[PDB]
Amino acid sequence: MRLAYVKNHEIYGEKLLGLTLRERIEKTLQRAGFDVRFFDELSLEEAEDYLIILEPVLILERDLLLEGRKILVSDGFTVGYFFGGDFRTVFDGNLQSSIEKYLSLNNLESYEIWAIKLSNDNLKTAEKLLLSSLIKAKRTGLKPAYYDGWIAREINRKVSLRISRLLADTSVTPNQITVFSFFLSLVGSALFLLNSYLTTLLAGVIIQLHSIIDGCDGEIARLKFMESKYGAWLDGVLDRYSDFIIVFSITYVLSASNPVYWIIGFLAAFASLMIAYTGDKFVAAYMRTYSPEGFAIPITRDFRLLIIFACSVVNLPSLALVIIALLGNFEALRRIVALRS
């Protein structure tokens, strides 16, 4: 057992995006493999190692790892103390005194973690920072199946986080958002079938809306510690259905004009699925996140749906199929070659 001692503060009682700051630090530390102990005066229990947090803080880091005794720091400011089990041999019943003693007996290195020390004034700042930590990127500490693409990170996340902020105060669950996001893709697909510029235009808009909202399910999940294995599975599986159904609807309509589009449609659908499959198969076989180091063709899902959007507003959904089919299939082949090395 590992113990995390967190000094009580009146500000921990304030709610930030659905959860009190008290449960947030509690769950983050629990995730990190610590049994949590809130205290006013500290009585020491036996454990392998000790984490001590004296000042009120919001931890933003997601995959916190503490190996070896060190001082945890946020931008030069001490966030907490991580001592070894031998701290028991120094503790004298006074926390202030004991920390001074233990620190003098050692030379602890500083260790940077993403966190914000909390004040009565900077809670608006903490909200924005907490939201920004919800994105699938390396800076946050998350270890997903894949990281957000450029379109996702700089465009879609900007909108979805604003939506998730409003959803945080509700009882809406990630799975519900996932299903709703999937349903939106069907609305977009149905609009394509009506075969008119207006409905084609509306479809593209809704497909992009779907692309954005499909980020909210993951955001709320990470934001409220409601992540789940099934949720992760469902989120992905339905995205394959969406990609397939969207391309089918566009292909079916275009086939009325020229049957050749069946082939381009077939190739576009396959590409979309294989970009997903190559990445998820990598995770399955390597048991680590898929992430290209250098050159990669920007044809990840965030790009594919933006392309469908952009092409749809100019009434050329066929061009999106061509682009996805070409860029997508070459990217799939590229991954095969790149992984050989």
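Residue numbers run from 1 along the displayed sequence.
- On average the C-alpha atoms of 141 to 149 have higher B-factors than those of the other stretch, with 166 to 174 and 141 to 149 being the two compared.
- Mean CA B-factor, 237 to 245 versus 79 to 87: the higher value falls on 79 to 87.
- Comparing the listed residues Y197, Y230, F182, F270, the entry records the largest Cα B-factor for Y197.
- When the C-alpha B-factors of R62, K281, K27, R304 are ranked from the entry, the top spot goes to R62.
- In the PDB entry, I11 places in the highest third of its chain by CA B-factor.
- Compared with the other modelled residues of the chain, the Cα B-factor recorded for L66 ranks in the highest third.
- Among all modelled residues in this chain, the alpha-carbon of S291 has a temperature factor (C-alpha) in the highest third.
- Compared with the other modelled residues of the chain, the Cα B-factor recorded for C216 ranks in the lowest third.
- Residue-level temperature factors show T125 in the middle third of its chain, judged at the C-alpha atom.
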